[PDB]
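Below is one structure, written out as structure tokens, with a few remarks after it.
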Amino acid sequence: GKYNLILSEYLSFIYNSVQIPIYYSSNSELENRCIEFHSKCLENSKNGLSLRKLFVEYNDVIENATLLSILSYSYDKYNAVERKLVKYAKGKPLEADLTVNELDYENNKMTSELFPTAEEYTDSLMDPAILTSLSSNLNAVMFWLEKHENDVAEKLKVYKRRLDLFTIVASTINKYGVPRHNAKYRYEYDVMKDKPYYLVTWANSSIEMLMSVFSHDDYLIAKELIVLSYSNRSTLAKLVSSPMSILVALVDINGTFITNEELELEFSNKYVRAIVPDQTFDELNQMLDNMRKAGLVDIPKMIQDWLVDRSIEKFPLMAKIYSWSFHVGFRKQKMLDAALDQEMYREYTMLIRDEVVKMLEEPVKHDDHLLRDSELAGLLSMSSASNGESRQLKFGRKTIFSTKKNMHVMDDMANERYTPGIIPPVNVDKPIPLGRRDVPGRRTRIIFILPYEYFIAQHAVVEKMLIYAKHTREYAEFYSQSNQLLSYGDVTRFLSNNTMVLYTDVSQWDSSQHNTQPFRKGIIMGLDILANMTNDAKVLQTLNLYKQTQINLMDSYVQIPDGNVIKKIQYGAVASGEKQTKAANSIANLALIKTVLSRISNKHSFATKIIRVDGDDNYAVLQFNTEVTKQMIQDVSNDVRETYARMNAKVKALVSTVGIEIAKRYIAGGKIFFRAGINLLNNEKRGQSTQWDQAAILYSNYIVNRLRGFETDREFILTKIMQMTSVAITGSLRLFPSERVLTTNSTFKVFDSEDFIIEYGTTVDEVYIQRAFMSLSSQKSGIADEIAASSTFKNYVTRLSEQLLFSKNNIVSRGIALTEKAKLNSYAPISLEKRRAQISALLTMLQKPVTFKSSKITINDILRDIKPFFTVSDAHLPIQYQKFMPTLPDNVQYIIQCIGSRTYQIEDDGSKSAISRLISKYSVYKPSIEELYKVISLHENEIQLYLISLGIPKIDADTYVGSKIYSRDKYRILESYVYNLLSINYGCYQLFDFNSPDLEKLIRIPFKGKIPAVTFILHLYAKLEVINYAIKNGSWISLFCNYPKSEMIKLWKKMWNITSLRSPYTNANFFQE
RNA sequence: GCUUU
């Protein structure tokens, strides 16, 4: 309950010249007392009288009611920041070394010197793009410093290391003043031109870095990055993190986890000797020298000290540096520069062509319905992003303009213009509009915003391809329900003194122009073989259209902005923006490794234990008939690099016997690591999310980094949430939401009152508040209704429906109309109306919670019923599993040591149910977990009608509606839906093995009847409760269940009527991946 | 205001 106490200290610190705590209660008499108290406080404040007596008088309200919010009457003028800053601004300002970056605009020159005029100005290269200000970030850091000013021992040292660093930020900012933001949290030319261009973004990165510094090492690291970052805006992250790829090969393996036949982690006590040829050491030294030539001193030395022994025990520092480098900010170049960088492929093309054929051979020969109705499938899938151009769209009687894909498809159909048979050109006559992708450390990459003809022509085929990948192990990212641990396990498995692993970064090759000829040609040749496999008109056309998109792309042209002009240049490289992007890139990366591996063997003989492609990297484990020597590693590596070299591929190819390093993960000393470089105070782009969503996303981000090994102080994160979640009532009246409002599992949830522990209402006030928030979950949008009522819109819904189903529509039909009514939310105006409505409703709700006929069941209600029927009891679980993920905080790690871990994702969509599979066999429709959940619970006759309504044949529909499987699906769908409502796949829980025998013993549940739904929920509720206690207490408890038989029947009815909850916290997990 | 997968 410390967030509420913390918020007051912050408000009191921020404003000094009143605060009005607003409470509420589920009890009537208590609430009146709350109402009376709020009134007296306002009146006393409106008379400069002390509220001390009132607090004593309404002691009962403070003691038992629930704090709902805090009123802030501050008559200042959003200043204080300028005044506050000077005391910390005593150090010497930093001076940008305008000689470090190649592209001139990447140097921290004075804004004016880059944009001499207000019309030449652009924040496109420094925009933090986040709904929180620099001024607020400074206030948050200062507030923290004041609080930990009188600390002692080690806590003081943390304050001292931080105070130093903040001085650099302060001193530098003062020399120019604090950049004032506009209503849209953007920094304009007038504020900007006096000050260094990158001043604001750099301040955000430094503040974020310093507020994450605890040890002396963090402080040394933060200081170097902060000082270097101010001048270097293009190679510091790459220079700092580059040595890591060499390092993983160095550390020896002394016992590691592997993957067994059951596809699960299992400890192996083996030893693998790290074998490194002398050349690798020179390469590492060159990397270290480069860091040194760039000003870096402390960071290179740490790697150097580490290099003497190379102990996995002192490897955490190396990992820490790798995670840290990302927090320097994103490299935001100019579209043109990002764009500009861009005989022996016979084997490579053939593999790409062959792989394409295998993935579709079976679907095509049979005459798969999805291939036949591909166009219908493309339409249902269609997003609401960009089609490319801003079109004038007339809806009903409203002439509005949008660039949205969904909008363009409806308008085009309503005017015979909808023509997917014709796949538009993307050459000189019709230049491809451009999208961008910004990442830390790496160079900016471009993205094709192709017209919807392209998505539709490609959506069905890609889906078939993904399915082939789903059951193919080479495709690490798509295989089964697998998570990163299984991939980690697979590399370790075959490691020994007679095998070496070969990892390779091929991010550069994908964007290579050398790559595009063999790529498109390989896919097309494959498409032709597939076409000569059937005579189906639907299959050939869908198949043919896919062939056409590859052909149009072969010679594409792009629209690159060059100031305020749009130069058109002939782009001859494979960029992304296609539906087949990830799958195709995966097929190509795998083909490339196979091609290199085949070429190398002509020389040396080895065995291919495993080959893998995962995103932008690819790797393989080879086995030799003899023991691996340093000389052998060098020979295999030189030959591999040369083979890559002959193909004209600029790639990083390394060889080792113990580790690997790829963009998503890295294995050092038999242990698994994940870069923790998600930036907090700077974003990649500007979306359409709100401050509240942004606050939830930041918290989510804080949690992922903390699990990954980088921890930003929670008090700082809490302070940021208080600023972001606040709402202005006027210019001197600001409202701050309480801890209960923020964390309770509702539609307005932003974070968990306790990290890694999700709570659910177990008190009446919490229930009362939870019900009230839902009451105002979905808000109306006039603009949305208009278009929802327009012809062009209704016809589109109708047209899609008449093409999909045969018999009758409504469970399916109501859904199609909504799905479409939603894709209108991408359209700002509609989104803006919704936010304004939410704010007014929220302001009133915080002021005095309303009523609600409830009558709506949720997950929290089901849990609340079960709680009272369990008897706790101290228990003991010994730690039995060695740590394989070193960075995990201690409380999370302990749960893994005691109950173990998992290498899969729990089915939470219902796809593995027979009914969902049956629908897939005959329909192109895809029901959600929620729809399946309502449908499965329908009367036997209704289910038969729904299946038929979707084109499912009668013998099949009839056979299922009775069978053993239908009864089984019922349990399976609910089980899938419930897991979905409990975030069992997100955050910290995704790690834990919920079917641990050790966990299982702690649950003592006596069967008093036998009714699946109830048995599954009671065990799950118990597992979560036991685990949460372990997460918060470090010890365990055993749970006993004495749930009545009469009670179970009541509960079972309750279970089939659970409503899902939508909230920023929920969106944030979805947002992560 | 722009912002594919």
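Numbering-wise, the first sequence is residues 2 to 18, 22 to 346, 358 to 1088 according to the deposited numbering.
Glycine is no exception: its CB is placed at the ideal position from the N, C-alpha and C atoms.
Rounded distance between the beta-carbons of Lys1069 and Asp880, thought under 8 Å
Along the first sequence, read from residue 1 onward, the residue named residue 880 stands at position 865. Along the first sequence, read from residue 1 onward, the residue named residue 1069 stands at position 1054. Correct: roughly 7 Å between the Cβ atoms.
For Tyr783, is the classification buried or exposed, using 16 other Cβ atoms within 10 angstroms of its Cβ as the cut-off for buried?
The residue you call residue 783 lines up with position 768 of the first sequence. In summary, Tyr783 is buried, with 16 or more beta-carbon neighbours lying within 10 Å of its beta-carbon over all protein chains present.
With burial defined as no fewer than 16 other Cβ atoms inside 10 Å of the residue's Cβ, what is the status of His474: buried or exposed?
Locating residue 474 in the first sequence gives position 459, counting from the first residue. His474 is buried by the Cβ-count criterion.
What whole-angstrom Cβ distance do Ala603 and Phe534 have, given they're in contact under 8 Å?
As a working note, residue 603 is residue 588 in the first sequence. As a working note, residue 534 is residue 519 in the first sequence. Contact annotation, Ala603 with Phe534: C-beta distance approximately 6 Å; criterion of less than 8 Å satisfied.
Confirm, please, whether the CB-CB distance from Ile575 to residue 353 is below 7 Å.
In this structure residue 353 is absent; the chain steps straight from 346 to 358.
Tell me which residues share the same chain as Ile772 and place their Cβ nearer than 7 Å to its Cβ, disregarding the 5 neighbours each side in the sequence.
Position 757 of the first sequence, counted from the first residue, corresponds to residue 772. For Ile772, where only same-chain residues beyond five positions count, the Cβ hits under 7 Å are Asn1043, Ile1046 and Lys1047.
Between the beta-carbon of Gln785 and the beta-carbon of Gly797, is there less than 7 Å?
Numbered from its first residue, the first sequence carries residue 785 at position 770. Numbered from its first residue, the first sequence carries residue 797 at position 782. No, they are not a contact pair.
Does the Cβ of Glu228 have 16 or more other Cβ atoms within 10 Å, making it buried, or fewer, making it exposed?
As a working mapping, residue 228 is identified with position 224 in the first sequence. With 16 or more other Cβ atoms within 10 Å, it is buried.
State the Cα-Cα distance for the pair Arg932 and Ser704, rounded to the nearest angstrom.
Locating residue 932 in the first sequence gives position 917, where the first residue counts as 1. Locating residue 704 in the first sequence gives position 689, where the first residue counts as 1. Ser704 has its alpha-carbon roughly 35 Å from the corresponding atom of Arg932.
What are the uninterrupted segments assigned as alpha helix (DSSP H) that are 4 or more residues long and contained completely in the segment 121–179, given in chain order?
Runs of the alpha helix (DSSP H) inside the segment 121–179: 138–151 and 157–178.
Using the rule of at least 16 other Cβ atoms within 10 Å of the residue's Cβ for burial, across every protein chain shown, is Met359 buried or exposed?
Residue mapping note: residue 359 aligns to position 344 of the first sequence, counting from 1. Exposed is the call here.
Inspect the beta-carbon positions of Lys645 and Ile230 and report whether they are closer than 7 Å.
As a first step, residue 645 must be located in the first sequence, where it is residue number 630. As a first step, residue 230 must be located in the first sequence, where it is residue number 226. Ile230 sits away from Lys645, with the two beta carbons spaced by 7 Å or more.
Considering Cα atoms alone, identify which of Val506, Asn63 and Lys594 is closest to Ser398.
Position 383 of the first sequence, counted from the first residue, corresponds to residue 398. Scanning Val506, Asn63 and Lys594 for the CA closest to the CA of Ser398 turns up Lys594.
Who pairs with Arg723 in a beta bridge, going by DSSP?
Numbered from its first residue, the first sequence carries residue 723 at position 708. BP columns for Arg723 are empty, so no partner.
By the three-class DSSP mapping on this structure, what secondary structure does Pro901 have?
Along the first sequence, one-based indexing puts residue 901 at 886. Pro901 falls in the coil class under three-state DSSP.
Should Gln528 go down as buried or exposed, given a rule of 16 or more other Cβ atoms within 10 Å for buried?
For the purposes of this step, residue 528 is taken as residue 513 along the first sequence, with counting starting at 1. A residue is called buried once 16 or more other Cβ atoms fall within 10 Å of its Cβ, and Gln528, having fewer, is exposed.
Span separating the alpha-carbon of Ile7 from that of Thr519:
Translated into positions along the first sequence, residue 7 becomes position 6. Translated into positions along the first sequence, residue 519 becomes position 504. Taken atom to atom, the span from the alpha-carbon of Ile7 to that of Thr519 is near 48 Å.
For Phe330, which of helix, strand or coil comes out of DSSP?
Counted from its first residue, the first sequence places residue 330 at position 326. In the structure shown, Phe330 sits in a helix (DSSP, three-state: H, G or I).
Grab the span of the beta strand (DSSP E) containing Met515 for me, first residue to last.
The count along the first sequence starts at 1 and reaches residue 515 at position 500. Residue range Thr514 to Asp520 is occupied by the beta strand (DSSP E) that includes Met515.
If you draw a straight line from the C-alpha of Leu394 to the C-alpha of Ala1083, how long is it?
Position 379 of the first sequence holds residue 394. Position 1068 of the first sequence holds residue 1083. One C-alpha to the other measures close to 27 Å.
C-alpha distance - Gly436 paired with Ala588, whole-angstrom precision:
By one-based count along the first sequence, residue 436 stands at place 421. By one-based count along the first sequence, residue 588 stands at place 573. So the alpha carbons of these two residues sit roughly 26 Å apart.
Cβ contact (3+ pairs, closer than 8 Å) linking the segment 968–977 and the segment 940–954:
By the Cβ criterion, the segment 968–977 is not in contact with the segment 940–954, since fewer than three pairs of Cβ atoms, one from each stretch, lie closer than 8 Å.
Can you name the residues that DSSP bridges to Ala787?
Within the first sequence, the letter at position 772 stands for residue 787. Beta-bridge pairing by DSSP links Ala787 to no other residue.
If we require 4 or more residues per run, which alpha helix (DSSP H) segments fall completely within the segment 882–964?
Correct list: 905–914, 929–937, 944–951 and 955–964.
So, using beta-carbon positions, are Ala253 and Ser793 closer together than 7 Å?
Taking the first sequence and counting its residues from 1, the one referred to as residue 253 is at position 249. Taking the first sequence and counting its residues from 1, the one referred to as residue 793 is at position 778. The answer is no: Cβ separation not under 7 Å.
Let me confirm a value: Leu53 is counted as buried when at least 16 other C-beta atoms fall within 10 Å, else exposed. Which label applies?
For the purposes of this step, residue 53 is identified with residue 49 of the first sequence, where counting begins at 1. Counting of Cβ neighbours within 10 angstroms places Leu53 among the exposed residues, the total staying below 16.
Terminal residues of the continuous alpha helix (DSSP H) containing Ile682?
Walking along the first sequence from the start, residue 682 turns up at place 667. DSSP places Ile682 outside any alpha helix (DSSP H); the residue lies instead in the beta strand (DSSP E), whose first and last residues are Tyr681 to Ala683.
Cβ distance (whole Å) where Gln1087 is taken to contact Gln496 below 8 Å
The count along the first sequence starts at 1 and reaches residue 1087 at position 1072. The count along the first sequence starts at 1 and reaches residue 496 at position 481. So it is not a contact: roughly 17 Å between Cβ atoms.
Which residues bound the beta strand (DSSP E) around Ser1053?
Translated into the one-based positions of the first sequence, residue 1053 becomes position 1038. Here the beta strand (DSSP E) through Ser1053 covers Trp1051 to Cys1056.
Could you pull the DSSP bridge partners for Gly450 from this structure?
Here residue 450 is taken as the residue at index 435 of the first sequence, counted from 1. For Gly450, which the question treats as bridged, DSSP gives the partners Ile462.
CB-CB under 7 Å to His1034, same chain, minus the five flanking residues each way: which ones, in chain order?
For the purposes of this step, residue 1034 is taken as residue 1019 along the first sequence, with counting starting at 1. The beta carbon of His1034 sits closer than 7 Å to the beta carbons of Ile1018 and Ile1020 from its chain, once the five residues preceding and following it are set aside; these are given in chain order.
Consult DSSP for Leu637 and reduce its assignment to one of helix, strand or coil.
Taking the first residue of the first sequence as 1, we reach residue 637 at position 622. DSSP places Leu637 in the strand class (E or B) of the three-state scheme.
Can you name the start and end residues of the alpha helix (DSSP H) that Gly1002 belongs to?
In the first sequence, counting from the first residue as 1, residue 1002 sits at position 987. Premise fails: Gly1002 is in no alpha helix (DSSP H) and is neither H nor E.
Taking the straight line between their C-alpha atoms, what separation do you get for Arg184 and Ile307?
Locating residue 184 in the first sequence gives position 180, where the first residue counts as 1. Locating residue 307 in the first sequence gives position 303, where the first residue counts as 1. Whole-angstrom Cα-Cα distance: 40 Å.
Answer yes or no: do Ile544 and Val666 have a C-beta to C-beta separation smaller than 7 Å?
For this step, residue 544 is matched to residue 529 along the first sequence. For this step, residue 666 is matched to residue 651 along the first sequence. No, the Cβ-Cβ distance between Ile544 and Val666 is not below 7 Å.
Quick one: is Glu1040 buried, meaning 16 or more other Cβ sit within 10 Å of its Cβ, or exposed?
By 1-based counting over the first sequence, the position of residue 1040 is 1025. By the neighbour-count rule (16 or more Cβ atoms within 10 Å), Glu1040 is buried.
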